[PDB]
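For reference, protein.cif (mmCIF, C-alpha atoms and all ligand atoms):
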```cif
data_structure
loop_
_atom_site.label_atom_id
_atom_site.label_comp_id
_atom_site.auth_asym_id
_atom_site.auth_seq_id
_atom_site.Cartn_x
_atom_site.Cartn_y
_atom_site.Cartn_z
CA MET A 247 -28.25 -6.15 -21.63
CA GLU A 248 -30.03 -8.44 -19.01
CA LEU A 249 -28.52 -11.83 -17.89
CA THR A 250 -29.25 -15.08 -19.76
CA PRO A 251 -30.78 -18.00 -17.70
CA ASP A 252 -27.33 -19.76 -17.86
CA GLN A 253 -25.60 -16.62 -16.55
CA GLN A 254 -28.21 -16.20 -13.76
CA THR A 255 -27.66 -19.87 -12.77
CA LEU A 256 -23.87 -19.31 -12.89
CA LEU A 257 -24.09 -16.12 -10.75
CA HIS A 258 -26.24 -17.81 -8.03
CA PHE A 259 -24.00 -20.87 -7.96
CA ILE A 260 -20.87 -18.63 -7.50
CA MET A 261 -22.76 -16.57 -4.86
CA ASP A 262 -23.78 -19.58 -2.66
CA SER A 263 -20.25 -21.03 -2.93
CA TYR A 264 -18.72 -17.62 -1.99
CA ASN A 265 -20.99 -17.33 1.10
CA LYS A 266 -19.36 -20.46 2.67
CA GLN A 267 -16.66 -17.93 3.82
CA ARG A 268 -16.19 -16.62 7.41
CA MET A 269 -18.70 -13.76 7.99
CA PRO A 270 -17.22 -10.17 7.74
CA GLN A 271 -18.94 -9.51 11.12
CA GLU A 272 -16.91 -12.35 12.82
CA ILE A 273 -13.56 -10.69 11.84
CA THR A 274 -14.49 -7.00 12.64
CA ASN A 275 -16.24 -7.83 16.00
CA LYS A 276 -13.10 -9.77 17.09
CA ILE A 277 -10.59 -6.93 16.46
CA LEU A 278 -13.01 -4.01 17.37
CA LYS A 279 -13.89 -5.38 20.85
CA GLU A 280 -10.33 -5.78 22.22
CA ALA A 281 -6.97 -4.17 21.37
CA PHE A 282 -4.27 -6.82 20.88
CA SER A 283 -0.47 -6.98 20.97
CA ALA A 284 1.47 -7.53 17.70
CA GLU A 285 2.04 -11.18 18.86
CA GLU A 286 -1.73 -11.85 19.28
CA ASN A 287 -2.54 -9.97 16.00
CA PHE A 288 0.06 -12.05 14.02
CA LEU A 289 -1.60 -15.22 15.46
CA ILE A 290 -5.10 -13.81 14.59
CA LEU A 291 -3.96 -13.17 10.96
CA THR A 292 -2.30 -16.64 10.67
CA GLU A 293 -5.58 -18.33 11.93
CA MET A 294 -7.73 -16.09 9.64
CA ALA A 295 -5.51 -16.83 6.58
CA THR A 296 -5.47 -20.63 7.18
CA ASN A 297 -9.30 -20.68 7.32
CA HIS A 298 -9.33 -18.38 4.22
CA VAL A 299 -7.03 -20.73 2.18
CA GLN A 300 -9.14 -23.77 3.17
CA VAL A 301 -12.43 -22.09 2.07
CA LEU A 302 -10.62 -20.70 -1.05
CA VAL A 303 -9.66 -24.26 -2.19
CA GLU A 304 -13.35 -25.32 -1.75
CA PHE A 305 -14.62 -22.22 -3.62
CA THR A 306 -12.05 -22.81 -6.44
CA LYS A 307 -12.90 -26.52 -6.91
CA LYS A 308 -16.62 -25.56 -7.26
CA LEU A 309 -15.70 -23.12 -10.12
CA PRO A 310 -17.19 -24.58 -13.37
CA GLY A 311 -14.63 -26.62 -15.30
CA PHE A 312 -11.88 -26.26 -12.65
CA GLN A 313 -11.84 -30.05 -11.94
CA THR A 314 -11.39 -30.72 -15.72
CA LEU A 315 -8.03 -28.82 -15.68
CA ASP A 316 -4.55 -30.40 -15.56
CA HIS A 317 -3.62 -31.08 -11.89
CA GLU A 318 -0.35 -29.06 -12.13
CA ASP A 319 -2.21 -25.99 -13.50
CA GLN A 320 -4.74 -26.41 -10.63
CA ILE A 321 -1.93 -25.98 -8.00
CA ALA A 322 -0.38 -23.10 -10.02
CA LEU A 323 -3.75 -21.21 -10.13
CA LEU A 324 -4.35 -21.67 -6.37
CA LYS A 325 -0.79 -20.67 -5.37
CA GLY A 326 -0.99 -17.78 -7.92
CA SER A 327 -4.24 -16.25 -6.58
CA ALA A 328 -4.26 -17.05 -2.80
CA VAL A 329 -2.56 -13.81 -1.60
CA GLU A 330 -4.65 -11.64 -4.02
CA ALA A 331 -7.91 -13.40 -2.95
CA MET A 332 -6.99 -12.77 0.69
CA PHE A 333 -6.34 -8.98 0.19
CA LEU A 334 -9.53 -8.68 -1.94
CA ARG A 335 -11.50 -10.36 0.94
CA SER A 336 -9.82 -8.04 3.54
CA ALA A 337 -10.71 -5.08 1.25
CA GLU A 338 -14.33 -6.40 1.07
CA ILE A 339 -14.48 -6.72 4.92
CA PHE A 340 -12.76 -3.34 5.56
CA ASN A 341 -15.31 -1.49 3.35
CA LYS A 342 -18.47 -3.07 4.90
CA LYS A 343 -20.55 -0.38 6.63
CA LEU A 344 -20.30 -0.35 10.45
CA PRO A 345 -21.72 2.17 13.06
CA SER A 346 -20.25 5.72 13.48
CA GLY A 347 -16.52 5.71 14.37
CA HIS A 348 -16.27 1.87 14.02
CA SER A 349 -14.60 1.83 10.53
CA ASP A 350 -12.16 4.50 11.94
CA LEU A 351 -11.32 2.25 14.96
CA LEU A 352 -10.94 -0.84 12.69
CA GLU A 353 -8.49 1.12 10.45
CA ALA A 354 -6.51 2.41 13.48
CA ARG A 355 -6.42 -1.17 14.90
CA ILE A 356 -5.01 -2.58 11.57
CA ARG A 357 -2.52 0.37 11.43
CA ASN A 358 -1.04 -0.48 14.90
CA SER A 359 -1.60 -4.28 14.54
CA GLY A 360 2.15 -5.00 14.10
CA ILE A 361 2.90 -4.54 10.34
CA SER A 362 5.63 -2.16 9.11
CA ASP A 363 4.65 1.44 8.21
CA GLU A 364 5.84 1.03 4.59
CA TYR A 365 3.22 -1.67 3.80
CA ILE A 366 0.26 0.02 5.60
CA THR A 367 0.13 2.91 3.03
CA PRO A 368 -0.23 0.78 -0.23
CA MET A 369 -2.62 -1.60 1.64
CA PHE A 370 -4.97 1.18 2.85
CA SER A 371 -4.76 3.00 -0.53
CA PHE A 372 -5.90 -0.26 -2.18
CA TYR A 373 -8.74 -0.74 0.41
CA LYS A 374 -10.04 2.86 0.08
CA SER A 375 -9.80 2.59 -3.75
CA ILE A 376 -11.87 -0.66 -3.66
CA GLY A 377 -14.49 1.17 -1.51
CA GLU A 378 -14.77 3.99 -4.10
CA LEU A 379 -16.09 1.25 -6.49
CA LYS A 380 -19.17 0.58 -4.23
CA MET A 381 -19.00 -3.15 -5.15
CA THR A 382 -21.86 -5.61 -4.54
CA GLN A 383 -21.25 -9.04 -2.92
CA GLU A 384 -21.87 -10.51 -6.49
CA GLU A 385 -19.13 -8.30 -7.88
CA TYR A 386 -16.70 -9.38 -5.07
CA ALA A 387 -17.62 -13.10 -5.69
CA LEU A 388 -17.11 -12.86 -9.51
CA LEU A 389 -13.91 -10.79 -9.28
CA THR A 390 -12.51 -13.43 -6.82
CA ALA A 391 -13.38 -16.19 -9.39
CA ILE A 392 -11.76 -14.06 -12.17
CA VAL A 393 -8.60 -13.59 -9.97
CA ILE A 394 -8.43 -17.40 -9.41
CA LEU A 395 -9.02 -18.30 -13.05
CA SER A 396 -6.26 -16.01 -14.40
CA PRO A 397 -4.69 -17.70 -17.47
CA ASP A 398 -1.61 -15.41 -17.29
CA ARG A 399 -0.28 -16.99 -14.02
CA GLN A 400 3.26 -18.37 -13.81
CA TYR A 401 3.89 -22.08 -14.73
CA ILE A 402 0.49 -22.58 -16.50
CA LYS A 403 0.89 -25.36 -19.13
CA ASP A 404 -2.52 -24.73 -20.85
CA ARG A 405 -3.52 -21.00 -20.83
CA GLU A 406 -6.41 -21.60 -23.30
CA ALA A 407 -8.16 -24.10 -20.97
CA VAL A 408 -8.06 -21.43 -18.15
CA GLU A 409 -9.09 -18.62 -20.66
CA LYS A 410 -12.21 -20.68 -21.66
CA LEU A 411 -13.14 -20.94 -17.94
CA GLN A 412 -12.58 -17.24 -17.00
CA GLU A 413 -14.41 -15.81 -20.11
CA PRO A 414 -18.02 -16.69 -18.95
CA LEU A 415 -17.29 -15.06 -15.51
CA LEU A 416 -15.95 -11.88 -17.15
CA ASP A 417 -19.10 -11.79 -19.37
CA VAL A 418 -21.38 -11.99 -16.27
CA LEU A 419 -19.46 -9.34 -14.32
CA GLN A 420 -19.55 -6.96 -17.37
CA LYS A 421 -23.33 -7.48 -17.71
CA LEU A 422 -23.72 -6.73 -13.98
CA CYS A 423 -21.50 -3.56 -14.15
CA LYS A 424 -23.51 -2.15 -17.13
CA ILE A 425 -26.81 -2.89 -15.22
CA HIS A 426 -26.17 -1.55 -11.65
CA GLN A 427 -23.99 1.37 -12.80
CA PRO A 428 -25.05 2.72 -16.27
CA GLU A 429 -24.01 6.13 -14.75
CA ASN A 430 -20.36 4.95 -14.63
CA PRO A 431 -19.92 2.98 -17.94
CA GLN A 432 -16.20 2.57 -17.01
CA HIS A 433 -17.02 0.55 -13.81
CA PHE A 434 -16.02 -2.82 -15.38
CA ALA A 435 -12.67 -1.32 -16.59
CA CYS A 436 -12.04 0.04 -13.03
CA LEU A 437 -12.68 -3.45 -11.50
CA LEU A 438 -10.21 -5.15 -13.87
CA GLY A 439 -7.72 -2.33 -13.20
CA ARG A 440 -7.69 -3.07 -9.42
CA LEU A 441 -6.53 -6.67 -10.29
CA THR A 442 -3.16 -5.29 -11.48
CA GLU A 443 -2.74 -3.58 -8.06
CA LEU A 444 -3.59 -6.86 -6.25
CA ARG A 445 -0.64 -8.48 -8.16
CA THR A 446 1.86 -6.07 -6.50
CA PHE A 447 0.84 -7.27 -2.96
CA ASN A 448 1.74 -10.83 -4.06
CA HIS A 449 5.36 -9.78 -4.92
CA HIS A 450 6.18 -8.15 -1.51
CA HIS A 451 3.97 -10.46 0.67
CA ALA A 452 6.74 -12.62 2.26
CA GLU A 453 8.55 -9.36 3.24
CA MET A 454 5.23 -7.95 4.68
CA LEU A 455 4.89 -11.02 6.96
CA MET A 456 8.56 -11.12 8.12
CA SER A 457 8.35 -7.31 8.83
CA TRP A 458 5.62 -7.90 11.56
CA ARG A 459 6.92 -6.63 14.95
CA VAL A 460 6.95 -10.13 16.55
CA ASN A 461 9.89 -12.22 17.87
CA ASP A 462 8.83 -15.40 16.02
CA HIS A 463 7.13 -15.58 12.63
CA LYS A 464 5.38 -18.93 13.08
CA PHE A 465 3.04 -20.07 10.25
CA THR A 466 0.83 -23.17 9.82
CA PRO A 467 2.13 -25.89 7.40
CA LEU A 468 -0.66 -24.94 4.91
CA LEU A 469 0.33 -21.21 4.92
CA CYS A 470 3.99 -22.31 4.60
CA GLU A 471 3.41 -23.99 1.23
CA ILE A 472 0.92 -21.38 -0.04
CA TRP A 473 2.89 -18.25 0.98
CA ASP A 474 6.43 -19.75 0.61
CA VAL A 475 7.43 -18.89 4.21
CA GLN A 476 9.44 -21.01 6.71
CA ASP B 745 6.24 -30.73 -3.20
CA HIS B 746 2.99 -28.80 -2.23
CA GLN B 747 1.32 -31.96 -0.82
CA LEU B 748 -1.13 -30.07 1.51
CA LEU B 749 -2.64 -28.04 -1.38
CA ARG B 750 -2.55 -31.23 -3.56
CA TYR B 751 -4.42 -33.13 -0.78
CA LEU B 752 -7.12 -30.42 -0.49
CA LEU B 753 -7.59 -30.30 -4.30
CA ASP B 754 -7.69 -34.13 -4.83
CA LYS B 755 -10.21 -35.04 -1.95
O1 LIG C 801 -7.59 -10.85 9.63
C1 LIG C 801 -7.06 -10.29 8.68
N1 LIG C 801 -7.20 -10.68 7.42
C2 LIG C 801 -7.99 -11.83 6.97
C3 LIG C 801 -7.20 -12.60 5.92
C4 LIG C 801 -8.01 -13.75 5.35
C5 LIG C 801 -9.33 -13.27 4.78
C6 LIG C 801 -10.15 -12.52 5.85
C7 LIG C 801 -9.34 -11.36 6.43
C8 LIG C 801 -6.18 -9.05 8.86
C9 LIG C 801 -5.67 -8.60 10.26
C10 LIG C 801 -6.16 -7.22 10.70
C11 LIG C 801 -5.41 -6.74 11.95
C12 LIG C 801 -5.55 -7.73 13.12
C13 LIG C 801 -5.18 -9.21 12.70
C14 LIG C 801 -5.91 -9.63 11.37
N2 LIG C 801 -6.71 -7.93 8.00
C15 LIG C 801 -5.97 -7.28 7.04
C16 LIG C 801 -4.57 -7.61 6.75
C17 LIG C 801 -3.48 -7.08 7.42
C18 LIG C 801 -2.19 -7.47 7.08
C19 LIG C 801 -1.97 -8.40 6.06
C20 LIG C 801 -0.58 -8.83 5.67
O2 LIG C 801 0.37 -8.57 6.69
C21 LIG C 801 -3.06 -8.92 5.40
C22 LIG C 801 -4.34 -8.54 5.74
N3 LIG C 801 -6.65 -6.35 6.40
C23 LIG C 801 -7.93 -6.38 6.96
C24 LIG C 801 -9.05 -5.60 6.67
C25 LIG C 801 -10.22 -5.82 7.38
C26 LIG C 801 -10.29 -6.79 8.37
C27 LIG C 801 -9.17 -7.58 8.68
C28 LIG C 801 -8.00 -7.35 7.96
#
```
As structure tokens:
Amino acid sequence: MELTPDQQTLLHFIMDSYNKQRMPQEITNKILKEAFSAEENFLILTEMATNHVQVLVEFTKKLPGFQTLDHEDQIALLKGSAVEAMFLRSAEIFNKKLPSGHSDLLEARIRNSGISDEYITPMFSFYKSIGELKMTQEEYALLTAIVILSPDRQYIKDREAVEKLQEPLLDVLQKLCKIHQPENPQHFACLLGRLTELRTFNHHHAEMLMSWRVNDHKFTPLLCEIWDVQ
Amino acid sequence: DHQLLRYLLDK
């Protein structure tokens, strides 16, 4: 049941690499302190997402065996997972415990941030459903690595090479799930099930961004090639 | 094409 020394080494390596991200406190404190216009909030998201993509590329290239992959499959994996990794990270941040009434204010601030009503509902249903999993930082880190190293992404030339890389991470996560939550033996299945919901956000993402109640939808050149926006 | 992502990956 317990982790092998290789798995323990793998877990800690993924964990350190994952912690190079912007602190959940830095994001929440920024939007909780002041109420912003849709224009300022669009600009906050665009800055947040550019930093996120940058740190995501660095996290991804530290994933074991990632640098041994074909360079075209490398791009495909990063483009394929970037939106999902972003919503999983927002879901992580959203569900961090804050003082009384703070999580309620954060939610109300995202709700009136500037996004269309139609996208708020599936986004908050996904966040609340991730919270019901009571995920550890380790679980968030591994699931992000699993999302990145998805062999069933579009335009992947060598699925098997990606499969061989994702399999040790799935093994670790499963060992963790059966350790922390023996009470819920279906916890691992529930985690993998959320991944199929993340995929839906990817499909309607460009529409989500253009639907923001701003006059100009200006993105950074990096977000432009990652999100396929103009 | 995606030269920014390519640049970040190849550094
Ligand atoms: O900053 C943010 N996200 C970043 C993204 C990169 C990784 C870290 C989080 C934003 C905005 C919140 C409203 C004010 C402006 C930023 N956000 C969203 C969110 C809202 C809309 C979309 C698509 O339109 C995507 C994500 N969910 C959040 C849940 C918790 C805390 C921030 C959250």
Pick out the chain A residues within 8 Å of chain B. Count all atoms listed in the file. Give them as JSON, numbers by chain. {"A": [300, 303, 307, 320, 321, 467, 468, 471, 472]}
What would the list of residues within 7 Å of (2.8, -3.8, 1.8) (file frame) look like as a ChimeraX atom specification, if all atoms listed in the file are what count? /A:364-366,368-369,447,450-451,454
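In this model, the gap between CA of residue 419 in chain A and CA of residue 386 in chain A comes to 9.7 Å.
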Using only C-alpha atoms and all ligand atoms, which residues have at least one atom no more than 7 Å from ligand LIG 801 (chain C)? Output them as number ranges by chain. A: 273-274, 277, 287-288, 290-291, 294-295, 298, 332-333, 335-337, 339-340, 355-356, 359, 361, 451, 454-455
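You will find CA of residue 253 in chain A at 13.3 Å from CA of residue 411 in chain A.
Across the structure, CA of residue 433 in chain A and CA of residue 347 in chain A are spaced 28.7 Å apart.
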